[PDB]
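**Q** Have a look at this one before I ask anything.
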Amino acid sequence: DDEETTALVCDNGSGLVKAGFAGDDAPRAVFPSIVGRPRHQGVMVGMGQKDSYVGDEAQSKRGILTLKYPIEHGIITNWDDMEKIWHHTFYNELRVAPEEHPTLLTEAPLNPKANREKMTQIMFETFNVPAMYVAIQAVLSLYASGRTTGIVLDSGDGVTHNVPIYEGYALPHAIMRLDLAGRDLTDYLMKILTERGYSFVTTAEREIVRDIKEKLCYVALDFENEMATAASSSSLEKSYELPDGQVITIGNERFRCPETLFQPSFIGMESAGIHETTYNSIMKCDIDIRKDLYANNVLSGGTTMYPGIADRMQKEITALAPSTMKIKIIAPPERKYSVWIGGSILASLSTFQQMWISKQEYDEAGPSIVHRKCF
Amino acid sequence: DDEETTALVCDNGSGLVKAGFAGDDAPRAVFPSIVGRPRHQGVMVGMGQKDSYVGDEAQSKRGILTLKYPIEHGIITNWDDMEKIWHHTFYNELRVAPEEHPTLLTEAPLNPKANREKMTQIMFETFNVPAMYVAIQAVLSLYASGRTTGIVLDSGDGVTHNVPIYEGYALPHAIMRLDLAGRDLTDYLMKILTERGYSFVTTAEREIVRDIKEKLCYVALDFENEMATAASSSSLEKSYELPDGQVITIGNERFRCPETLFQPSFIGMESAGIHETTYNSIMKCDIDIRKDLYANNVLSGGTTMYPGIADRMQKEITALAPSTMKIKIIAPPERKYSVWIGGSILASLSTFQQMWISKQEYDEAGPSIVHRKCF
Amino acid sequence: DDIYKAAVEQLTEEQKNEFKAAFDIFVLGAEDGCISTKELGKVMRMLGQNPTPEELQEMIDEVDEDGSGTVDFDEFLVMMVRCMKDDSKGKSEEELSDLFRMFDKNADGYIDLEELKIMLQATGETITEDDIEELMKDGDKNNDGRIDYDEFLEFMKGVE
Amino acid sequence: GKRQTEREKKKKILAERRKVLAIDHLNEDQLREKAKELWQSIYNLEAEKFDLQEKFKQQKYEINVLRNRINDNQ
Amino acid sequence: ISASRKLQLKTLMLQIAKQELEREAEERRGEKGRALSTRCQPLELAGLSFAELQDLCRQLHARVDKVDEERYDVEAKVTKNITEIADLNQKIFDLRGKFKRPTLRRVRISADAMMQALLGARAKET
Amino acid sequence: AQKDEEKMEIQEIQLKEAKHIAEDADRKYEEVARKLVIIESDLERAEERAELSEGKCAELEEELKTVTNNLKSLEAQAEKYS
Amino acid sequence: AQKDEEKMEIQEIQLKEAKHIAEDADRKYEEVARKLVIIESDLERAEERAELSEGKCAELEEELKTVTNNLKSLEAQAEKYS
Ligand SMILES: Nc1ncnc2c1ncn2[C@@H]1O[C@H](COP(=O)(O)OP(=O)(O)O)[C@@H](O)[C@H]1O
Ligand SMILES: Nc1ncnc2c1ncn2[C@@H]1O[C@H](COP(=O)(O)OP(=O)(O)O)[C@@H](O)[C@H]1O
Ligand SMILES: [Mg+2]
Ligand SMILES: [Mg+2]
């Protein structure tokens, strides 16, 4: 590289911040988005103890911290912590001053306006970027698949949203946003582990339960048969070693944790599972583009990485859909970073180069410029 | 040396007072902390007989004195005698007036407040030091090892306490203080020696029993096998010459005296041994720092100098702990003075130079300043 | 030990003979002329200090240049001058870092032989190539070929 | 408060450096003495700006050294 | 190769350090000279249009405000970089610091005392 | 004086016995320490090789799990195909 | 005779100190030997664990390759039936 100017494709997310320069294949730095102040007193003098460890540093000292995510469900609830996370991302994980780089944030659909306006105001006043643009997290995941149609189910860690798109024309009346995501699955797993004796309570042990969920849980193809099998044999019980020994054995908690996605009544949510909100999102579309959406169903986001979900979802939709249509579920192996790869592709386009919100435009219309033509 | 001002690192302890200027390797003057008034009448006139011999002088005239320690279990029970001991330490063993030197006392954890407040009031009113600071006896022993984590078992002569520390953040809810220490082992040895015919009763003969304990006793690797071996062969019987002749032969009293540490039921104490209070102190800590505490178990204090204790303790903890964790027991050869070496290191730090309790601060808030920010 | 070795070297033959008379005063009864833990321990017991042989062996290892485990007359002389200490505090770390950066005119984060020989030319004194190679090897234990911040810090560790 | 923090730094520095400046009433001597005070302020600003640029160069050097030691830490 | 040569090498390194310090001082002197030479210009205000002088003073005050704004921006950036450098140095110190704390050894009395202890009662002249 | 000379003689006997036993014990202790160093080095090497084998086994199990899940899915797919 | 007695007392003092040194050396020797035996047992256990892990890894590799071949065959059959 050299002259010229590259764009910063940041992607706030909720659970893992993924960032990197535009035009690559994978994000340069991926690290949890947690800011944890120490909670004990501290007796050693001169140890160089900081007041807040952010990012991946607080996943190593988590034994004496109180980690707290600054993004609850897509929306940002603690602006100071989010500013700290952004500052860390720019200066220590990428080491590029923001004064010389455009930024491309990402935002979930149907989010509060004030969140987006505050985001752009921060990026323009504190970090003082040249130009920033905010994009919907599902259109990027559709970019990365190399398609131009299809209905994308982007089940992140904060919020699961399902944006249908045809021929490049998004259908704003058919977006079905559901707030069940990876975090609720972690909490439900932590709640059902107590049925064997293992109690995880501290906010640090939520990370251990998350690791258990990632490494062991899988989505059952048929729920009742698995419940019957796990209750008779013992071929499912997989063991796992805690960060201090005392291995634990997970029985039928393995496929009961991610089953909450298809039956949100487990955690008390009323709505229908991710297998039926996709069909409802399709049926709201026009009668002539339903075949294409049926054939190009796209999966993205981290939580759709459970082993065996691309078959359960296809079976469910085939049960719901008319018998003639072909149901195909696109599940690329690079699912987790699909949104960021799409963001890189979009930022690398020449046609897109004039859509950025230039700073002089913000100076003339204020932060409310984001809702205007420069979307 | 020259200009400038050095700090006095005193360490009251209970059984041996260790003192010396900050920045050296070993304490300058180490002497027992006993004050013994004469008890007989005295007929020679003009012999220059004093009314109280303190320190190492009363370990040579102990034949006609009644030695009495001024510190029972960490706490100080006889303030006049303790003041006398401090006066001797400053003026005759170091020969430095306290008006020109900061002092750094040491105190066991979980001690009564009034003891600490009276200590600071004495140091500021009677000896009139410029500034004094009180530190917990275990953090210093952790300084001396050059670590920054680890759980330190400081089995002194008065009280055995077990302070776990991680990354410089002490865990106040996991301190397990047990009042079995070297003095109770001396009394128990003096009590089991009577099973062979040797009766030591006088407070002067307690010193002889202490010498026997120091020179002969050792901790058995396996208790039952040693009890069986000592009851069949005679390869263990080691003899020792009293201060007047009449050698004595110690049989299986050798490893039964220090075994009380691991089975406090011998002296009627209910609690568990030093091998199980360490494991309990670890298990109260968080689940993510238990591996580091397992790997960095530190021994300190005088009573942990028994030949063969660093193996018995490791065997016991390995029996208790999960099989995967590695158990390592740090037993430096300079165990006895570990607390004082750590005190010297702490007093020599530049970052610590503003933590002293300056005299004007005491004048403004009274002796209760010690519990405040200047801990 | 290095400053002590220099001080012993700066002694003339007469001063070395005086220090050898001191040696004979110290080493009374030594079989090999080398003060192992035996003579040093008996002397320490005579002095009023009650040490352990570990400290004496560490004193030897700071001065044992062959690895034989003994303290010959030269190493014994270093033991003798170890009774007094002056090489302390290593000057100032900030000063050394700044002057190391000044040495690193190219600011590579490590010192090259080119800038080293440039500064030697500025000084202009006679240069021992073998000693230069020894210094480079001791600094470049990681075998990078260039003296680093930690490498030169350990070069001056314990030195004045 | 971040936008308020930026506005605050800029606006409060301006307010500290802003004064009620009425050049009309001052005669030649007072006007020239005020110009001298302004030149002293310029000298101070330039000296501290050059200190800042030298500190910036030292900061770049320190960052390079820290990166090198991070590389050496593996 | 000898210990004398090692002392010569140490003295040479000290002399190199002194020369670098002197060169840093002369570089600072050059920086001061260049800064004074290149920055501004003196003003002669004798007997001119005094209202025009007031307007020129106002324009110079505006220029001073601009210079102050740029100076304050660079000052804030320098302070932020200093904070980042302190944080990184703290990280390095916590990573590879630890027991590198030096100490002194004073338990062993001087060589004269050791020699007089070995001599016994003979050591009176020395 | 006769008794004192007898005591001197038995003293010298004890001196010789003690010093010879001490030299033998020192030599044996040095040999034992050398053997301990050897065994400790071998133990540490075995431990690190075991850790490497653990990592390898973990990676293999992950790959096996992935492949088995894909296999079962495609087998069901072929059943539906027929 | 009195001079001989004093020399005898000095010899006895030296004898006692030599006995102390010898006994301390012996105790250190035996303790180091015990630690050596313990380290030997630990190294044996580590050898066992590493060998078990290696056998596990070889078995996992073979089963992985077999299942991979089955997977590829079923993939080809699935494409044919498609
Ligand atoms: N391999 C995996 N298997 C199962 N769940 C995973 C896996 N990787 C990540 N997850 C879940 O997905 C979440 C990360 O989702 P991510 O896509 O990073 O969210 P975001 O959209 O905020 O970036 C984690 O919290 C975790 O619960
Ligand atoms: N070499 C030794 N072997 C066995 N026990 C010892 C030894 N040295 C000291 N002790 C015991 O330790 C006590 C001294 O402990 P110390 O650490 O001085 O206590 P404090 O913490 O009050 O300073 C003595 O009373 C003695 O019983
Ligand atoms: Mg996402
Ligand atoms: Mg103590």
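Each reported figure results from applying straightforward, stated rules to the coordinates on display, with no laboratory input. Here the Cβ positions follow ideal geometry from the backbone for every residue, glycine too, while neighbour counts run over all protein chains shown.
**Q** Based on what the data block shows, is residue F:80 facing chain G (nearest Cβ under 7 Å) and within 30 Å of residue A:311 (Cα to Cα)?
**A** no
**Q** List, please: which pairs have Cβ atoms under 6 Å, are six or more places apart or on different chains, and start with a residue in the range B:318-345 that is of a type in the set (S, T, N, Q) and end with one that is within 16 Å of ligand 4 (Cβ to nearest atom)?
**A** Once the first residue is of a type in the set (S, T, N, Q) and sits in the range B:318-345, its partners that are within 16 Å of ligand 4 (Cβ to nearest atom) give B:338/B:141; B:338/B:144; B:338/B:300; B:344/B:9.
**Q** Any residue in the range C:56-71 that is aliphatic (A, V, I, L, M) and over 29 Å from residue B:29 (Cα atoms)?
**A** Yes: the range C:56-71 contains one or more residues that are aliphatic (A, V, I, L, M) and over 29 Å from residue B:29 (Cα atoms).
**Q** Here is a follow-up. Just checking, which of E:32, E:10 is over 22 Å from residue D:45 (Cα atoms) and either among the charged types (D, E, K, R) or within 14 Å of chain C (Cβ to nearest Cβ) (or both)?
**A** One residue alone meets the criteria, E:10.
**Q** Which of the residues belonging to the range A:295-347 are crowded, with 16+ Cβ neighbours inside 10 Å and of a type in the set (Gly, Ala, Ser)?
**A** A:300, A:301, A:302, A:308, A:310, A:321, A:331, A:338, A:342, A:343, A:344, A:347 - these are the residues of the range A:295-347 that are crowded, with 16+ Cβ neighbours inside 10 Å and of a type in the set (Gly, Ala, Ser).
**Q** Going through B:148, B:160, B:106 one at a time, which residue ends up being of a type in the set (S, T, N, Q), away from ligand 1 (no atom under 16 Å from the Cβ), free of Cβ contacts under 8 Å to residues at least 24 places away in the same chain and under 22 Å from residue B:175 (Cβ atoms)?
**A** None of the others qualify; the one that does is B:148.
**Q** Among the residues of the range B:242-269, what is the count of those that are farther than 21 Å from residue B:316 by Cα and of a type in the set (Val, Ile, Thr)?
**A** Going through the range B:242-269 one residue at a time, the tally reaches 4.
**Q** Which members of the range A:288-316 meet the condition of being touching an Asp or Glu at 6+ places or on another chain (Cβ under 9 Å) and under 20 Å from residue A:261 (Cα atoms)? Explain how you work it out, then say what you get.
**A** Within the range A:288-316, the first condition is being touching an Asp or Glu at 6+ places or on another chain (Cβ under 9 Å), and the residues that meet it are A:289, A:292, A:298-305, A:312, A:315-316.
Selection gives A:298, A:299, A:300, A:301, A:302, A:303, A:304, A:305, A:312, A:315, A:316.
**Q** Using the structure shown, decide if residue A:178 is in contact with a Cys (Cβ under 7 Å, 6 or more places away or on another chain), more than 14 Å from chain B (Cβ to nearest Cβ) and away from ligand 4 (no atom under 16 Å from the Cβ).
**A** no
**Q** For the range A:182-197, indicate whether the set of residues that are more than 14 Å from chain B (Cβ to nearest Cβ) and either outside any helix (DSSP H, G or I) or in contact with a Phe, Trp or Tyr (Cβ under 6 Å, 6 or more places away or on another chain) (or both) is non-empty. Step through it out loud before you land on a result.
**A** From the range A:182-197, those more than 14 Å from chain B (Cβ to nearest Cβ) are A:182-189, A:191-192, A:194-197; that's our starting set.
Those left that are additionally either outside any helix (DSSP H, G or I) or in contact with a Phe, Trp or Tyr (Cβ under 6 Å, 6 or more places away or on another chain) (or both): A:196-197.
The answer is yes; a qualifying residue exists.
**Q** Another one. Do you know which residues across the range A:346-375 are without any contact (Cβ under 8 Å) to a residue 12 or more places away in the chain, closer than 24 Å to residue A:28 by Cβ and among the aliphatic types (A, V, I, L, M)?
**A** A:349, the sole residue that qualifies.
**Q** While we're here: For residue B:327, state whether it is under 30 Å from residue A:209 (Cβ atoms), in contact with a helix residue (DSSP H, G or I) (Cβ under 8 Å, 6 or more places away or on another chain) and not in a helix (DSSP H, G or I).
**A** yes
**Q** Outside any helix (DSSP H, G or I), at negative phi and away from chain C (no Cβ under 14 Å), is that true of residue D:26?
**A** Considered against the rule, which asks whether it is outside any helix (DSSP H, G or I), at negative phi and away from chain C (no Cβ under 14 Å), residue D:26 comes out as yes.
**Q** Next question, about the same structure. Among F:53, F:41, which is closer than 16 Å to residue G:53 by Cα and free of Cβ contacts under 8 Å to residues at least 40 places away in the same chain?
**A** F:53
**Q** Which of the numbered conditions does residue B:87 fail, given that it passes all the others? Conditions: (1) crowded, with 20+ Cβ neighbours inside 10 Å; (2) touching a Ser or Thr at 6+ places or on another chain (Cβ under 9 Å).
**A** Only one criterion in (1) crowded, with 20+ Cβ neighbours inside 10 Å; (2) touching a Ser or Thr at 6+ places or on another chain (Cβ under 9 Å) is unmet by residue B:87, namely (1).
**Q** Take residue A:339 and tell me if it is touching a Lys or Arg at 6+ places or on another chain (Cβ under 6 Å), away from chain D (no Cβ under 14 Å) and away from ligand 4 (no atom under 16 Å from the Cβ). Before you say what the answer is, go through the steps one by one.
**A** Details: touching a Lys or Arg at 6+ places or on another chain (Cβ under 6 Å): no; away from chain D (no Cβ under 14 Å): yes; away from ligand 4 (no atom under 16 Å from the Cβ): yes.
When the stated conditions are applied, residue A:339 does not pass them.
**Q** Could you please find all residues in the range B:22-46 being more than 16 Å from ligand 2 (Cβ to nearest atom) and in contact (Cβ under 8 Å) with a residue 24 or more places away in the chain?
**A** Step one: of the range B:22-46, the residues more than 16 Å from ligand 2 (Cβ to nearest atom) are B:22-25, B:36-46.
B:22, B:23, B:24, B:25, B:36, B:37, B:38, B:39, B:40, listed by residue number.
**Q** Another question about this same structure. One residue is enough: does the range A:40-56 have a residue meeting the conditions in contact with a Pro (Cβ under 9 Å, 6 or more places away or on another chain), of a type outside the set (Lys, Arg) and assigned to a helix (DSSP H, G or I)?
**A** In the first step, residues of the range A:40-56 are kept if they are in contact with a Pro (Cβ under 9 Å, 6 or more places away or on another chain); the result is A:40-41, A:49-53, A:55-56.
Then keep just the ones that are of a type outside the set (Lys, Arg); that gives A:40-41, A:49, A:51-53, A:55-56.
Then drop every residue that is not assigned to a helix (DSSP H, G or I), which leaves A:55-56.
Yes, the range A:40-56 contains at least one residue that is in contact with a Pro (Cβ under 9 Å, 6 or more places away or on another chain), of a type outside the set (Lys, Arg) and assigned to a helix (DSSP H, G or I).
**Q** Could you figure out which of (1) more than 18 Å from residue B:103 (Cα to Cα); (2) surrounded by fewer than 18 Cβ atoms within 10 Å (Cβ to Cβ); (3) out of contact with any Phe, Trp or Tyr (no Cβ under 8 Å at 6 or more places or on another chain) isn't true of residue B:62?
**A** Result: residue B:62 fails condition (2) only.
**Q** Separate question: Look through the range E:37-81, keep the residues that are among the aliphatic types (A, V, I, L, M), exposed (fewer than 14 other Cβ atoms within 10 Å of the Cβ) and part of a helix (DSSP H, G or I), and return whichever of them is farthest from the other protein chains (Cβ to nearest Cβ).
**A** Only one residue tops the list, namely E:62.
**Q** Please pick out the residue among F:63, F:31 that is surrounded by fewer than 17 Cβ atoms within 10 Å (Cβ to Cβ), within 7 Å of another protein chain (Cβ to nearest Cβ) and assigned to a helix (DSSP H, G or I).
**A** Answer to the check: F:63.
**Q** A follow-up question, please. Picking from B:77, B:120, which residue would you name as being in contact with a helix residue (DSSP H, G or I) (Cβ under 7 Å, 6 or more places away or on another chain) and on the phi < 0 side of the Ramachandran plot?
**A** Details: B:77 fails: in contact with a helix residue (DSSP H, G or I) (Cβ under 7 Å, 6 or more places away or on another chain).
Checking each option against the conditions leaves just B:120.
**Q** Just the residues that are within 11 Å of another protein chain (Cβ to nearest Cβ), assigned to a loop (DSSP other than H, G, I, E, B) and either in contact with a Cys (Cβ under 9 Å, 6 or more places away or on another chain) or under 22 Å from residue A:34 (Cα atoms) (or both), please, taken from the range A:204-246.
**A** Selection gives A:204, A:243.
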